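First comes the structure, then the notes that go with it.
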Amino acid sequence: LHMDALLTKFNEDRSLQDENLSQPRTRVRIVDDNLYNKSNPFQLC
Amino acid sequence: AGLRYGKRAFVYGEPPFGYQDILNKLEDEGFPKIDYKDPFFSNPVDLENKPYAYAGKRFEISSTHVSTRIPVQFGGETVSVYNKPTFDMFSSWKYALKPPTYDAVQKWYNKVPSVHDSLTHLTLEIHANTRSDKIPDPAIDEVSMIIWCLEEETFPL
Amino acid sequence: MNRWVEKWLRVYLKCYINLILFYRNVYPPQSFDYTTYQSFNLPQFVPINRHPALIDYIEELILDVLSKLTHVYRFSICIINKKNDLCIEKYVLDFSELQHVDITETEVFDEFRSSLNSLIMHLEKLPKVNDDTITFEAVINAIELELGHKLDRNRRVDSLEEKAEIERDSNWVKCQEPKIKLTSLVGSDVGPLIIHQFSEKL
Amino acid sequence: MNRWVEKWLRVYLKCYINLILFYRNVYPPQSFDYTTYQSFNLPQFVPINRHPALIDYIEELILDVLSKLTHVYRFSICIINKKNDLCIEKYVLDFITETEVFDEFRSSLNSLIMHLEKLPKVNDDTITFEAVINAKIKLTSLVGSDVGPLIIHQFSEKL
Amino acid sequence: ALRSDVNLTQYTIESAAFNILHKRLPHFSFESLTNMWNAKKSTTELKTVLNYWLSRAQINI
Amino acid sequence: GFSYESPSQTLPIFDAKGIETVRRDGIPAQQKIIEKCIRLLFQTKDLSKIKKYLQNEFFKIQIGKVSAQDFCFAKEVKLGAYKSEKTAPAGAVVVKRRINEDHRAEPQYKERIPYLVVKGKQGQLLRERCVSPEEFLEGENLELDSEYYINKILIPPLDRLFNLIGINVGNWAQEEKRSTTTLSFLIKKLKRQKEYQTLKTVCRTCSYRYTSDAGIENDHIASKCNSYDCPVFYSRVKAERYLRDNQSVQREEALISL
Amino acid sequence: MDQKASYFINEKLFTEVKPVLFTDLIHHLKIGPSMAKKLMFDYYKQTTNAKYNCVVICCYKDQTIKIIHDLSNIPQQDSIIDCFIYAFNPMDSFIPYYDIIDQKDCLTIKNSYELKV
Amino acid sequence: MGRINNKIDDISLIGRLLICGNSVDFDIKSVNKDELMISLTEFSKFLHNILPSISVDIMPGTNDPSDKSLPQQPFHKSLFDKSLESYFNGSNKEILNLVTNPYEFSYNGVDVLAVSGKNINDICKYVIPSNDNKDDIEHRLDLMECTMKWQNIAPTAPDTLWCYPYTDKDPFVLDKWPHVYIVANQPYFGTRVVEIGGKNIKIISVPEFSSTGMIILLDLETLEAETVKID
DNA sequence: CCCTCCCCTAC
Ligand code: SF4
């Protein structure tokens, strides 16, 4: 298939759903437990 | 034949010198056959009237810049303009410096800038322990290594 | 105001000359490399030549033009053929009062980006120019000045500024001004720099 | 007027003849002064011959051409190839303020320099020159003086 | 012999080795060699001093 | 002058006689400087390039960007063939000062003992400073006498060579948020650190001749090389002095306040 | 809206000559990414005066992203899960420019933490 | 940010971003503050545009404006545009964290030890005339496995380490095995799980993004690394 | 502002 046929197949059937933009999806929380504990071994003066 | 002269044309006298006799006549007149380059300043700022003299010997050192070169004279007297210029409105000007050549850039880019008849030889070296960098003395410091080497090229047997 | 305009105009002229030399095959395209720094932060990834002599030539030309700026109202990079001295292409850069002496550099670089994009879009449509004896030239149109008449006093130089003034006054010669085809382009409409662009073919 | 045009035409013709003599192989190099003089405040180097006889000959030729400038309408300098007697090249010059004529001659001489410095080299001891006064050809049009009432055209031939 | 034959500056074993044989030899003080030769550990140091004097003896030829 | 022993010879031969480029009565720096100036004069005939080169060299010597090895004299010392003690040359003073601490450090007949010159107070005859390379590289506050070196070891021979032309060389010598300065300091520090690491790698590779090792204790064995006949050693001690100093810039406040 | 977007694209393509991305439409019209792709495709249609070079990218399976250059030999057309228009380039060399963007309300995914000032 | 893939159900599972070094390429032999500032402003534009959507953990590299030794300190609070002054105020560290060159991120309990990749790149600059009985991905994976086996992150101390790394307690001598061992700035990409004394360490070789711009997505529920190529 | 003493280079 040509490039125009791919665009006609994909973009014409666009869903345009779930894109509220007012209540965006919150990213999953991943924490760094070594942020404040103590003694970073590789931190030199 | 070749390039025609025209309908009505004349010719001037033949020059006195040719391609070969030119230098031979230039030397006989009281001039060097080839006038090599004297020490000169390429920067006219660095001139500073340096060639003044030395031990009673007057030297003439000049520059090749446009500011120091004298105009071409016609008849022994320099021809120069004395009156002030007359600038006219709406003029056009052209850059005189020639740009680099196409071929020059390509050439720059392509370069991408049975009998014993000798003497036997033996060598010896010595290592002695010293005491706090004292350049060991042969009266208080003893020998520890007598590494030796024998020259195998001339050694027979 | 001569405070910051002298750097932005220098960058613009550098990118202008380099783009004209690149997209018209005046020099081999292998000697050009897309960059953003050529002793000045460029507004784009402009193909700048890396020849030692050509860089110095362009820099001296731009400095001379910027020195004469107060009287120059037009600057043209003429493309002349070598088999016969004839202007086949001419890219005019108008300087109508330049809003000179009488500012959020990002906006200046945005305007320069628009102007250079227009110039590139115009140059990409012209037919391919063969190498091997295609060359260029530089012509300015001044308001009121007379060049070449500063060497009439032997002008004993004292520093580099006076020597530069002399060699810049002496580096220009006088000149004069069918099926011409003029094509206007996008200029710079920023406050201090009001520049216009043009083009000539055939 | 007719005052400044005379002196500036003298200097222009001297530089013209010397350039045509040096940039070809009519007379050998190392026989000119390539680092001393300046022609018309031009940045390029102007060569002037060192032998006083040739310089005096050129000056006398220029004075004799200017003495009868009203009758001549073309002053050409032909390049004759020896052992063939065929004019290979023929540089031709066809026929009111001091500054105007100065700038016109400056531009004309600069054009002459730019045209001469891009020609193929010539082998030695094969060319003699001969100036002519008019009282397959490759043509090239050069810059000329149009301000003064003595408008001159400059063009060259080859082969 | 080297002073009489070749004209160089220092006329030391390292300088002569570099100027005649094009060999650059490290140089250790008499105290460093002593500290290496008295190291109960660090076989590398003993090998170092041994090869030091062996090269000094071989370059003389 | 440039010698052409045959017409087919294309490149000339720099044939000098008697001048400071062949005499061992000076320093290696003056030989290179004089040879470069003479080649510039013979090839280009340009007095501006020579002036620029000489001014650059004088500025480098004045600042302290020299190799510190090209400024080492070397003169034969006849330690017994001298008339008296006050007539002994500069090298004999160093030799005797070394003998007084170690009598075994007595040189052989006609030995080449090197020495350098440093700064001094009013007077301070040349014999009075006369530091050896060992004393100079271990001294805390010792800098080469740039004035003495430049003038009395560069100006006389160039004056001779260029007064034969008509120019005086002595006149050429008399003439929380911060991203710019902090980044410049970082560039300087990183350049110096990379140069130091390169020098250490070079020394570690050179020390492979003896150790035949590559891991640790090879950098330790190579760190004790005091070969005064190697240019990498002087650069190494200079890099060490530079890295052990300027602690004010290398802190938590490098003009960035954090 | 297909009216403001067309005018904005025409302006940023012809008056202020610059390559326009679909994220620019996202930031200017405050719309989602899919709606921006739909508007870009709609502007690619009705293009009797076509004076630009469309930049088409397609996302294959196994999470691969490619920018189509030849537009004649698209590898593995069966594995394509999406294929949209990325930008409209008036010139030949794409070479866009990226500046500061204030994504105050045009975000579709926010990080779990909030900026503490 | 979820603009290209449009699968917000799966893109919202990428909790953090970890640049493992080599953010700017230059030569300190010939460089000034201008062009380095241009590259740093480009990087700062990227950071300011991507931070409102995802958290970033920046790590120094081998050719970045930082120390040439292996324990490289964080870049600086400077070297970034003034638009990022709100992230460097001290309280906003969970969204942007300039970190030391070696570091053990405790990502929700998954202790991952990350190195920019100078140790392996310094081991590979040697030619050992052994191991016969060549610059392949399996060879570098074996080198990383041996680094984990010997419990020494930097076997070539004179090349990677610097004077005074520590006193009487060296940090490169491993005192605890991590779960994931990341060595970046490698020519090729490859993963390998190794069993050392009843334990299991997953080694990951992150390739450069300049050439072969792949992005590794490492899961934390099963430790499965998948790649995302960008052409 | 001239002397001796020392260095070492050139035929
Ligand atoms: S300094 Fe000279 S001698 Fe000492 S190690 Fe480095 S190279 Fe070998």
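We label chains A, B, ... in the order they appear in the structure tokens, count residues from 1 in each chain, and number ligands from 1 in the order shown.
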
Inset, instruction - Just the residues within 6 Å of segment 145-157 of chain D, please, counting only C-alpha atoms (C1' of nucleotides), with nothing from its chain fewer than 4 positions along; format it as a PyMOL selection string. - result: chain D and resi 89-95+104+138-141

File of the preceding selection, C-alpha atoms, as a short mmCIF file (atom, residue, chain, number, x, y, z; two decimals), in the first residue's frame:
```
data_model
loop_
_atom_site.label_atom_id
_atom_site.label_comp_id
_atom_site.auth_asym_id
_atom_site.auth_seq_id
_atom_site.Cartn_x
_atom_site.Cartn_y
_atom_site.Cartn_z
CA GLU D 89 46.17 38.15 -28.55
CA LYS D 90 45.24 41.78 -29.16
CA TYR D 91 44.30 43.95 -26.18
CA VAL D 92 42.40 46.93 -27.57
CA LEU D 93 41.56 50.35 -26.13
CA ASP D 94 39.03 52.12 -28.37
CA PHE D 95 39.72 55.86 -28.63
CA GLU D 104 36.99 55.56 -13.90
CA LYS D 138 37.34 34.91 -28.46
CA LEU D 139 36.21 38.37 -27.35
CA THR D 140 35.97 39.68 -23.78
CA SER D 141 34.36 42.97 -22.72
#
```

Inset, instruction - Up to 12 Å from chain C, what residues of chain D turn up? Count only C-alpha atoms and give them as a VMD selection string. - result: chain D and resid 38 to 44 98 to 111 114 to 115 118 to 119 138 to 147

Could you dump the residues just selected with N, CA and C atoms as a short mmCIF file (atom, residue, chain, number, x, y, z; two decimals), in the first residue's frame?
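Output below, filename out.cif:
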```cif
data_model
loop_
_atom_site.label_atom_id
_atom_site.label_comp_id
_atom_site.auth_asym_id
_atom_site.auth_seq_id
_atom_site.Cartn_x
_atom_site.Cartn_y
_atom_site.Cartn_z
N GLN D 38 52.47 51.56 -6.46
CA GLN D 38 51.03 51.34 -6.51
C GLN D 38 50.47 52.11 -7.69
N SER D 39 49.48 51.53 -8.37
CA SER D 39 49.02 52.11 -9.63
C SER D 39 48.02 53.25 -9.42
N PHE D 40 46.85 52.93 -8.86
CA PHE D 40 45.78 53.91 -8.67
C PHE D 40 45.14 53.71 -7.30
N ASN D 41 45.98 53.56 -6.28
CA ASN D 41 45.55 53.22 -4.92
C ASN D 41 44.86 51.86 -4.87
N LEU D 42 45.17 50.98 -5.81
CA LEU D 42 44.61 49.64 -5.81
C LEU D 42 45.41 48.73 -4.88
N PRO D 43 44.74 47.77 -4.23
CA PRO D 43 45.46 46.89 -3.29
C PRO D 43 46.40 45.91 -3.97
N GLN D 44 46.20 45.61 -5.26
CA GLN D 44 47.04 44.65 -5.94
C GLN D 44 48.44 45.23 -6.17
N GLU D 98 38.49 65.98 -11.69
CA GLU D 98 39.67 65.16 -11.44
C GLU D 98 39.31 63.86 -10.73
N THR D 99 38.29 63.88 -9.87
CA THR D 99 37.92 62.68 -9.14
C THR D 99 37.23 61.66 -10.05
N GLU D 100 36.39 62.14 -10.96
CA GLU D 100 35.63 61.24 -11.82
C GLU D 100 36.55 60.41 -12.71
N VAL D 101 37.45 61.07 -13.44
CA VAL D 101 38.38 60.35 -14.30
C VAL D 101 39.28 59.44 -13.49
N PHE D 102 39.66 59.87 -12.28
CA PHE D 102 40.47 59.03 -11.41
C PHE D 102 39.75 57.73 -11.08
N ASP D 103 38.49 57.82 -10.67
CA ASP D 103 37.74 56.62 -10.32
C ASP D 103 37.49 55.74 -11.54
N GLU D 104 37.22 56.35 -12.70
CA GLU D 104 36.99 55.56 -13.90
C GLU D 104 38.24 54.79 -14.31
N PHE D 105 39.40 55.45 -14.29
CA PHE D 105 40.64 54.76 -14.62
C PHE D 105 40.98 53.70 -13.58
N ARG D 106 40.67 53.97 -12.31
CA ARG D 106 40.87 52.97 -11.27
C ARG D 106 40.06 51.71 -11.55
N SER D 107 38.77 51.89 -11.87
CA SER D 107 37.92 50.74 -12.16
C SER D 107 38.38 50.00 -13.41
N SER D 108 38.77 50.74 -14.45
CA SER D 108 39.23 50.09 -15.67
C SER D 108 40.49 49.28 -15.43
N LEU D 109 41.44 49.83 -14.67
CA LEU D 109 42.67 49.10 -14.40
C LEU D 109 42.42 47.90 -13.50
N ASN D 110 41.49 48.02 -12.55
CA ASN D 110 41.15 46.87 -11.72
C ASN D 110 40.53 45.76 -12.56
N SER D 111 39.66 46.12 -13.51
CA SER D 111 39.10 45.11 -14.40
C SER D 111 40.19 44.46 -15.25
N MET D 114 41.99 41.96 -13.01
CA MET D 114 41.17 40.77 -12.78
C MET D 114 41.09 39.90 -14.02
N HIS D 115 41.16 40.50 -15.21
CA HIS D 115 41.13 39.70 -16.43
C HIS D 115 42.48 39.06 -16.72
N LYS D 118 43.87 35.74 -14.52
CA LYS D 118 43.16 34.47 -14.63
C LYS D 118 43.34 33.84 -16.00
N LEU D 119 44.45 34.13 -16.66
CA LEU D 119 44.76 33.58 -17.97
C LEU D 119 45.78 32.46 -17.87
N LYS D 138 37.98 34.90 -29.77
CA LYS D 138 37.34 34.91 -28.46
C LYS D 138 37.42 36.32 -27.89
N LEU D 139 36.28 36.99 -27.78
CA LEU D 139 36.21 38.37 -27.35
C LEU D 139 35.78 38.45 -25.89
N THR D 140 36.30 39.45 -25.18
CA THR D 140 35.97 39.68 -23.78
C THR D 140 35.80 41.17 -23.56
N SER D 141 34.68 41.56 -22.96
CA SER D 141 34.36 42.97 -22.72
C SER D 141 34.78 43.34 -21.31
N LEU D 142 35.59 44.39 -21.19
CA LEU D 142 36.09 44.88 -19.91
C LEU D 142 35.44 46.22 -19.58
N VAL D 143 35.73 46.70 -18.37
CA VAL D 143 35.17 47.96 -17.89
C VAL D 143 35.93 49.12 -18.52
N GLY D 144 35.20 50.16 -18.91
CA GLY D 144 35.79 51.34 -19.50
C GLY D 144 35.29 52.61 -18.82
N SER D 145 35.85 53.73 -19.25
CA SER D 145 35.51 55.04 -18.70
C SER D 145 34.40 55.66 -19.53
N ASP D 146 33.29 56.01 -18.87
CA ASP D 146 32.14 56.59 -19.55
C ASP D 146 31.83 58.02 -19.11
N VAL D 147 32.43 58.50 -18.03
CA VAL D 147 32.10 59.84 -17.53
C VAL D 147 32.71 60.90 -18.44
#
```

Nearby polymer residues, ligand 1, at most 6 Å, only C-alpha atoms (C1' of nucleotides) and all ligand atoms, as a JSON list (two decimals) with C-alpha atoms, in the first residue's frame:
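selection18.json written:
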```json
[["chain", "number", "residue", "atom", "x", "y", "z"],
["E", 25, "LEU", "CA", 64.72, 4.98, 30.61],
["E", 26, "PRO", "CA", 63.13, 5.94, 33.93],
["F", 202, "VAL", "CA", 52.45, 8.18, 29.62],
["F", 203, "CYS", "CA", 54.66, 7.65, 32.67],
["F", 206, "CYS", "CA", 57.08, 4.17, 30.09],
["F", 207, "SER", "CA", 57.57, 2.36, 33.42],
["F", 222, "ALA", "CA", 56.38, 5.29, 38.11],
["F", 225, "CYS", "CA", 60.82, 8.63, 38.54],
["F", 227, "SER", "CA", 64.69, 11.55, 35.51],
["F", 230, "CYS", "CA", 62.93, 13.81, 30.35],
["F", 232, "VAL", "CA", 57.56, 14.66, 30.80],
["F", 233, "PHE", "CA", 59.00, 14.91, 34.32]]
```

Legend entry - Computed interatomic separation between atom CA of residue 56 of chain H and atom CA of residue 19 of chain H (Å):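 We find that atom CA of residue 56 of chain H and atom CA of residue 19 of chain H lie 7.6 Å from each other.
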
Inset, instruction - Could you find all residues in chain G that DSSP calls strand (DSSP E) from the backbone, and write them as a ChimeraX atom specification? - result: /G:20-21,53-60,64-67,80-89,109-110

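The nearest approach to chain C among the residues G:91, G:68, G:56, G:39, with only C-alpha atoms taken into account, belongs to G:91.
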
Legend entry - At most 9 Å to chain C: residues in chain G, only C-alpha atoms, as a list in words: residues 14, 15, 16, 17, 18, 90, 91, 92, 95, 96 and 97 of chain G

Write out, as a PDB file, in the first residue's frame, the residues just selected, with C-alpha atoms.
```
ATOM      1  CA  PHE G  14       3.769  30.709   4.631  1.00  0.00           C
ATOM      2  CA  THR G  15       3.987  34.027   6.500  1.00  0.00           C
ATOM      3  CA  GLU G  16       6.287  32.970   9.356  1.00  0.00           C
ATOM      4  CA  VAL G  17       8.094  30.287   7.370  1.00  0.00           C
ATOM      5  CA  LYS G  18       8.774  27.517   9.897  1.00  0.00           C
ATOM      6  CA  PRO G  90       8.064  23.993   3.608  1.00  0.00           C
ATOM      7  CA  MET G  91      11.772  23.393   3.020  1.00  0.00           C
ATOM      8  CA  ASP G  92      13.692  20.198   2.246  1.00  0.00           C
ATOM      9  CA  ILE G  95      15.887  20.646  11.119  1.00  0.00           C
ATOM     10  CA  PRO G  96      13.240  22.123  13.466  1.00  0.00           C
ATOM     11  CA  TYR G  97      13.773  24.468  16.405  1.00  0.00           C
TER      12      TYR G  97
END
```

Closest atom pairs, segment 92-150 of chain H residues within 12 Å of segment 58-77 of chain H, only C-alpha atoms, as JSON lines:
```
{"residue": "H:93", "atom": "CA", "partner": "H:58", "partner_atom": "CA", "distance": 11.5}
{"residue": "H:94", "atom": "CA", "partner": "H:58", "partner_atom": "CA", "distance": 12.0}
{"residue": "H:95", "atom": "CA", "partner": "H:58", "partner_atom": "CA", "distance": 10.8}
{"residue": "H:96", "atom": "CA", "partner": "H:58", "partner_atom": "CA", "distance": 7.7}
{"residue": "H:97", "atom": "CA", "partner": "H:58", "partner_atom": "CA", "distance": 6.4}
{"residue": "H:98", "atom": "CA", "partner": "H:58", "partner_atom": "CA", "distance": 5.0}
{"residue": "H:99", "atom": "CA", "partner": "H:74", "partner_atom": "CA", "distance": 5.1}
{"residue": "H:100", "atom": "CA", "partner": "H:73", "partner_atom": "CA", "distance": 4.9}
{"residue": "H:101", "atom": "CA", "partner": "H:72", "partner_atom": "CA", "distance": 5.0}
{"residue": "H:102", "atom": "CA", "partner": "H:71", "partner_atom": "CA", "distance": 6.4}
{"residue": "H:103", "atom": "CA", "partner": "H:59", "partner_atom": "CA", "distance": 8.9}
{"residue": "H:104", "atom": "CA", "partner": "H:59", "partner_atom": "CA", "distance": 11.9}
{"residue": "H:105", "atom": "CA", "partner": "H:59", "partner_atom": "CA", "distance": 11.7}
{"residue": "H:114", "atom": "CA", "partner": "H:59", "partner_atom": "CA", "distance": 9.2}
{"residue": "H:115", "atom": "CA", "partner": "H:59", "partner_atom": "CA", "distance": 8.8}
{"residue": "H:116", "atom": "CA", "partner": "H:61", "partner_atom": "CA", "distance": 5.6}
{"residue": "H:117", "atom": "CA", "partner": "H:61", "partner_atom": "CA", "distance": 8.0}
{"residue": "H:118", "atom": "CA", "partner": "H:62", "partner_atom": "CA", "distance": 6.7}
{"residue": "H:119", "atom": "CA", "partner": "H:70", "partner_atom": "CA", "distance": 7.7}
{"residue": "H:120", "atom": "CA", "partner": "H:70", "partner_atom": "CA", "distance": 11.3}
{"residue": "H:121", "atom": "CA", "partner": "H:62", "partner_atom": "CA", "distance": 9.8}
{"residue": "H:122", "atom": "CA", "partner": "H:70", "partner_atom": "CA", "distance": 10.4}
```

Inset, instruction - May I ask for the distance between atom CA of residue 39 of chain F and atom CA of residue 38 of chain B, given in Å to one decimal place? - result: 14.8 Å

Kindly provide the residues of chain F that approach chain H to within 7 Å, each paired with its closest atom pair and their distance in Å to one decimal, based on only C-alpha atoms, listed by chain and increasing number, as CSV.
```
residue,atom,partner,partner_atom,distance
F:177,CA,H:78,CA,5.9
F:178,CA,H:78,CA,6.3
F:179,CA,H:79,CA,5.7
F:180,CA,H:33,CA,6.4
F:183,CA,H:33,CA,6.2
F:184,CA,H:33,CA,5.9
F:187,CA,H:28,CA,6.7
F:190,CA,H:67,CA,6.7
F:191,CA,H:28,CA,5.8
F:215,CA,H:156,CA,6.5
F:216,CA,H:158,CA,6.3
F:219,CA,H:158,CA,6.9
F:256,CA,H:78,CA,6.7
F:258,CA,H:77,CA,6.7
```

Inset, instruction - Could you please write out, as a ChimeraX atom specification, every residue of segment 7-96 of chain G that DSSP assigns to helix (DSSP H, G or I)? - result: /G:7-15,22-29,33-44

Requested write-out: C-alpha atoms of the selected residues, as a short mmCIF file (atom, residue, chain, number, x, y, z; two decimals), in the first residue's frame:
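Listing of again_30.cif after writing:
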```cif
data_model
loop_
_atom_site.label_atom_id
_atom_site.label_comp_id
_atom_site.auth_asym_id
_atom_site.auth_seq_id
_atom_site.Cartn_x
_atom_site.Cartn_y
_atom_site.Cartn_z
CA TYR G 7 -5.48 29.46 9.50
CA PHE G 8 -2.76 28.87 12.11
CA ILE G 9 -1.03 26.27 9.93
CA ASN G 10 -1.22 28.48 6.83
CA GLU G 11 0.27 31.39 8.79
CA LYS G 12 3.09 29.39 10.40
CA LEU G 13 3.84 27.75 7.03
CA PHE G 14 3.77 30.71 4.63
CA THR G 15 3.99 34.03 6.50
CA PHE G 22 1.22 18.65 15.67
CA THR G 23 2.39 19.44 19.21
CA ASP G 24 2.23 23.10 18.15
CA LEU G 25 -1.45 22.55 17.39
CA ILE G 26 -1.80 20.83 20.77
CA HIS G 27 -0.34 23.86 22.53
CA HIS G 28 -2.19 26.47 20.45
CA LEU G 29 -5.68 24.93 20.43
CA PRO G 33 -2.80 14.37 20.68
CA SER G 34 -5.28 12.29 18.66
CA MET G 35 -7.38 15.34 17.77
CA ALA G 36 -4.20 17.12 16.68
CA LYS G 37 -3.33 14.22 14.36
CA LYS G 38 -6.87 14.29 12.97
CA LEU G 39 -6.61 18.03 12.30
CA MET G 40 -3.20 17.59 10.67
CA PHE G 41 -4.63 14.90 8.38
CA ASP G 42 -7.64 17.09 7.57
CA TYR G 43 -5.28 19.90 6.58
CA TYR G 44 -3.32 17.39 4.51
#
```

Inset, instruction - Grab the atom CA of residue 43 of chain A to atom CA of residue 220 of chain H distance for me, in Å with one decimal place. - result: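 Between atom CA of residue 43 of chain A and atom CA of residue 220 of chain H the gap is 26.3 Å.
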
Inset, instruction - Could you give me, as a ChimeraX atom specification, the residues within 9 Å of residue 23 of chain B, counting only C-alpha atoms (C1' of nucleotides) and dropping anything in the same chain fewer than 2 positions from it? - result: /B:19-21,25-28,32-34 /D:28,31,51

Same residues, N, CA and C atoms, output as an mmCIF file, in the first residue's frame:
```cif
data_model
loop_
_atom_site.group_PDB
_atom_site.id
_atom_site.type_symbol
_atom_site.label_atom_id
_atom_site.label_comp_id
_atom_site.auth_asym_id
_atom_site.auth_seq_id
_atom_site.Cartn_x
_atom_site.Cartn_y
_atom_site.Cartn_z
ATOM 1 N N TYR B 19 63.736 38.785 -25.107
ATOM 2 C CA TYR B 19 63.570 38.010 -23.885
ATOM 3 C C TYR B 19 64.907 37.582 -23.295
ATOM 4 N N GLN B 20 65.948 37.479 -24.121
ATOM 5 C CA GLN B 20 67.249 37.011 -23.661
ATOM 6 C C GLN B 20 68.198 38.161 -23.339
ATOM 7 N N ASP B 21 68.253 39.173 -24.206
ATOM 8 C CA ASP B 21 69.180 40.281 -24.015
ATOM 9 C C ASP B 21 68.759 41.231 -22.902
ATOM 10 N N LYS B 25 71.563 43.237 -20.757
ATOM 11 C CA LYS B 25 71.669 44.687 -20.850
ATOM 12 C C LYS B 25 71.335 45.365 -19.529
ATOM 13 N N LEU B 26 70.525 44.720 -18.688
ATOM 14 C CA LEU B 26 70.212 45.282 -17.381
ATOM 15 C C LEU B 26 71.412 45.223 -16.448
ATOM 16 N N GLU B 27 72.254 44.198 -16.585
ATOM 17 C CA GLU B 27 73.458 44.125 -15.766
ATOM 18 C C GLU B 27 74.523 45.103 -16.247
ATOM 19 N N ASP B 28 74.659 45.268 -17.565
ATOM 20 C CA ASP B 28 75.664 46.177 -18.102
ATOM 21 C C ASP B 28 75.341 47.637 -17.822
ATOM 22 N N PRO B 32 71.762 45.005 -10.683
ATOM 23 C CA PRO B 32 71.879 43.554 -10.501
ATOM 24 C C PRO B 32 70.939 42.812 -11.437
ATOM 25 N N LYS B 33 71.408 41.662 -11.932
ATOM 26 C CA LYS B 33 70.608 40.880 -12.869
ATOM 27 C C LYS B 33 69.292 40.441 -12.240
ATOM 28 N N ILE B 34 69.319 40.073 -10.962
ATOM 29 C CA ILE B 34 68.120 39.714 -10.214
ATOM 30 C C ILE B 34 68.151 40.456 -8.887
ATOM 31 N N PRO D 28 60.827 38.773 -19.280
ATOM 32 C CA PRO D 28 60.869 37.794 -18.198
ATOM 33 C C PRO D 28 60.539 38.437 -16.866
ATOM 34 N N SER D 31 62.523 40.879 -13.728
ATOM 35 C CA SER D 31 62.956 42.084 -14.416
ATOM 36 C C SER D 31 62.043 43.265 -14.130
ATOM 37 N N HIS D 51 64.557 48.268 -16.307
ATOM 38 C CA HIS D 51 65.515 48.835 -17.247
ATOM 39 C C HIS D 51 65.088 50.241 -17.643
#
```

Pull the closest atom pair for each residue of chain F that gets at most 10 Å from chain B, along with the distance in Å to one decimal, counting only C-alpha atoms, ordering rows by chain and then ascending residue number, as CSV.
```
residue,atom,partner,partner_atom,distance
F:41,CA,B:39,CA,7.4
F:42,CA,B:39,CA,9.0
F:44,CA,B:39,CA,8.5
F:45,CA,B:39,CA,4.7
F:46,CA,B:40,CA,5.4
F:47,CA,B:41,CA,5.0
F:48,CA,B:41,CA,5.2
F:49,CA,B:42,CA,8.1
F:50,CA,B:41,CA,9.7
F:51,CA,B:46,CA,8.4
F:52,CA,B:46,CA,9.7
F:101,CA,B:134,CA,9.1
F:102,CA,B:134,CA,6.7
F:103,CA,B:135,CA,9.2
F:104,CA,B:135,CA,6.4
F:105,CA,B:135,CA,7.0
F:163,CA,B:54,CA,6.6
F:164,CA,B:54,CA,8.2
F:165,CA,B:59,CA,7.5
F:166,CA,B:51,CA,5.1
F:167,CA,B:50,CA,5.7
F:168,CA,B:50,CA,7.4
F:171,CA,B:50,CA,9.5
F:172,CA,B:46,CA,9.6
```

Write a file of the selected residues as a short mmCIF file (atom, residue, chain, number, x, y, z; two decimals), in the first residue's frame, keeping C-alpha atoms.
```
data_model
loop_
_atom_site.label_atom_id
_atom_site.label_comp_id
_atom_site.auth_asym_id
_atom_site.auth_seq_id
_atom_site.Cartn_x
_atom_site.Cartn_y
_atom_site.Cartn_z
CA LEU F 41 64.45 35.69 8.08
CA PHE F 42 65.97 33.51 5.36
CA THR F 44 60.15 34.85 4.23
CA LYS F 45 62.39 37.94 4.67
CA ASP F 46 59.58 39.17 6.93
CA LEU F 47 60.53 41.25 9.96
CA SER F 48 56.93 41.31 11.24
CA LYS F 49 56.64 37.54 11.68
CA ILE F 50 59.97 37.51 13.54
CA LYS F 51 58.78 40.34 15.78
CA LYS F 52 55.48 38.59 16.54
CA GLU F 101 76.60 17.81 52.05
CA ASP F 102 77.91 14.67 50.29
CA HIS F 103 81.62 14.52 49.47
CA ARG F 104 80.84 11.50 47.27
CA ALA F 105 78.94 13.85 44.93
CA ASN F 163 71.84 44.84 13.66
CA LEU F 164 73.67 43.29 10.76
CA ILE F 165 70.31 44.01 9.09
CA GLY F 166 69.40 47.29 10.79
CA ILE F 167 66.78 46.56 13.46
CA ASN F 168 67.19 46.54 17.25
CA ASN F 171 62.89 47.70 21.60
CA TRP F 172 60.55 44.80 20.79
#
```
